[PDB]
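Below you will find one chain, with nothing else, as structure tokens; this is the form solved without the DNA, and questions on how it binds or moves follow later.
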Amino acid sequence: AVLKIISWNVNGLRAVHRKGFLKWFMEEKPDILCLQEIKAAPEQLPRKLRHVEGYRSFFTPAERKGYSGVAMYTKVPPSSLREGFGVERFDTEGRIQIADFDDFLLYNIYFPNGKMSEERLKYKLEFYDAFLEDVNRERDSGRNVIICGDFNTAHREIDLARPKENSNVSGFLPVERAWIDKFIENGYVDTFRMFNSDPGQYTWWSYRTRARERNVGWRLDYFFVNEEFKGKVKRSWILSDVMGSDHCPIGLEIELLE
């Protein structure tokens, strides 16, 4: 048995629902679907959004209504979920689900966008720092870990269409890219790069100026695993053609212990 995980920053769950979300979900049939940018009070949702037959759903909203928020649909419920790193300023923005499954912990993370200001940038970097503390503790415990979501940073030049013009733009700052380097050096693997070494492989395009059509995009969304688990990763891919958000979904297929 394999387990398929999809991660998708949906740019608002209500928004994506109006653009083919449930048809896609039913057709893709992931075992686990991690979503970011729900932008909805979980109670405000129609029961066919938050209920999808065959899945347990778990929603982790921000304190601020209509902002941020993550969600997980899973056929098999986790033994529990954590909704934070145990650090209150990173825990109230609806960015964190850490779901405890059998073979592994699944971090479903909506990493902060650092573009709006220097405060938001510091926020993002410290969020990164607290994330790294969290995940290291868990896999140091002996947990195999899968981390997915919107990292809001393109790692290397290959990871976006315009590395030069974005050198001093949050998303592609040396400091941000250096964090992913450090993250990787702690024994985590960017799984997409395990199987696909190609350029032009992105997960986000600006809605504007035909960015998706000109493939002017960034790979902002990732699946990382710890080194010790990478042997279990069978596939890691971008669902490039799936529409309805400014991000496309990304996929991970892993093989379960019998």
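Rigid core: the largest C-alpha set superposing within 1.5 Å between the two forms. Numbers follow the displayed sequence, beginning with 1.
**Item:** Farther-lying stretch by C-alpha RMS in 4 other deposited structures of this protein (rigid core fit) among 74 to 82, 105 to 113
**Value:** Looking at 105 to 113 and 74 to 82 in 4 other deposited structures of this protein, the bigger mover is 74 to 82.
**Prompt:** Do the Cα atoms of 53 to 61 or those of 202 to 210 sit farther, on average, from the shown form in 4 other deposited structures of this protein after fitting on the core?
**Reply:** Greater root mean square C-alpha distance in 4 other deposited structures of this protein: 202 to 210.
**Message:** Mean CA temperature factor from the deposited coordinates, higher in 28 to 36 or in 226 to 234?
**Reply:** Result: 226 to 234.
**Request:** For the higher mean C-alpha B factor in the entry, choose 244 to 252 or 16 to 24.
**Result:** Mean CA B-factor is higher for 16 to 24.
**Request:** Check the PDB entry and point out which of 220, 216, 70, 41 has the largest C-alpha temperature factor.
**Result:** Going by the entry's C-alpha B-factors, 41 comes out highest.
**Message:** Out of 160, 121, 96, 76, whose C-alpha atom has the biggest B factor in the entry?
**Reply:** Comparing C-alpha B-factors across 160, 121, 96, 76, the top value belongs to 121.
**Chain-wide C-alpha B factor ranking for residue 140, given as lowest, middle or highest third** = Highest third, going by the recorded CA B-factors of the chain.
**Item:** residue 88 - which third its CA temperature factor falls in, relative to the rest of the chain
**Value:** It belongs to the highest third of the chain when residues are ordered by C-alpha B-factor.
**Request:** Taking the chain's C-alpha temperature factors as the reference, tell me which third residue 5 falls into: lowest, middle or highest.
**Result:** Lowest third of the chain for residue 5's C-alpha B-factor.
**Asked** By its CA B factor, does residue 195 count among the lowest, middle or highest third of the modelled residues in the chain?
**Response** For residue 195, whose C-alpha B-factor we compare with every modelled residue in the chain, the answer is the highest third.
**Request:** Grab the CA temperature factor for residue 134 from the record and place it in the lowest, middle or highest third of its chain.
**Result:** Its C-alpha B-factor belongs to the highest third of this chain's values.
One more form of this protein, deposited with the DNA bound, exists but is not displayed; see below.
**Request:** Just give me the single entry in 162, 82, 75, 182 that has a non-hydrogen atom within 4.5 angstroms of the DNA in the bound PDB entry.
**Result:** Selected residue: 162.
**Request:** Report the residue, out of 233, 52, 189, 216, that has at least one non-hydrogen atom within 4.5 angstroms of the DNA in the bound PDB entry.
**Result:** None of the others qualify; the residue that does is 216.
**Request:** Answer for residue 166 alone: is it within 4.5 Å of the DNA in the bound PDB entry, judged on heavy atom distances?
**Result:** Residue 166: yes, in contact with the DNA in the bound PDB entry.
**Message:** So in the bound PDB entry, is the DNA close enough to residue 195 to count as touching (4.5 Å, heavy atoms)?
**Reply:** So residue 195 does not count as contacting the DNA.
**Request:** Decide whether residue 204 counts as a contact residue for the DNA in the bound PDB entry under a heavy atom distance cut-off of 4.5 Å.
**Result:** Yes, residue 204 sits close enough to the DNA in the bound PDB entry that at least one of its heavy atoms falls within 4.5 Å.
**Prompt:** Even though the DNA is not shown here, does residue 47 get within 4.5 Å of it in the bound PDB entry, heavy atoms only?
**Reply:** Residue 47: no contact with the DNA in the bound PDB entry.
**Message:** Within 4.5 Å, heavy atoms only, one stretch in 222 to 230, 204 to 212, 26 to 34, 54 to 62 touches the DNA in the bound PDB entry. Which?
**Reply:** Within 4.5 Å of the partner lies stretch 204 to 212.
**Item:** Contacts with the DNA in the bound PDB entry, stretch 102 to 131 (heavy atom within 4.5 Å)
**Value:** Residue within 4.5 Å: 115 only.
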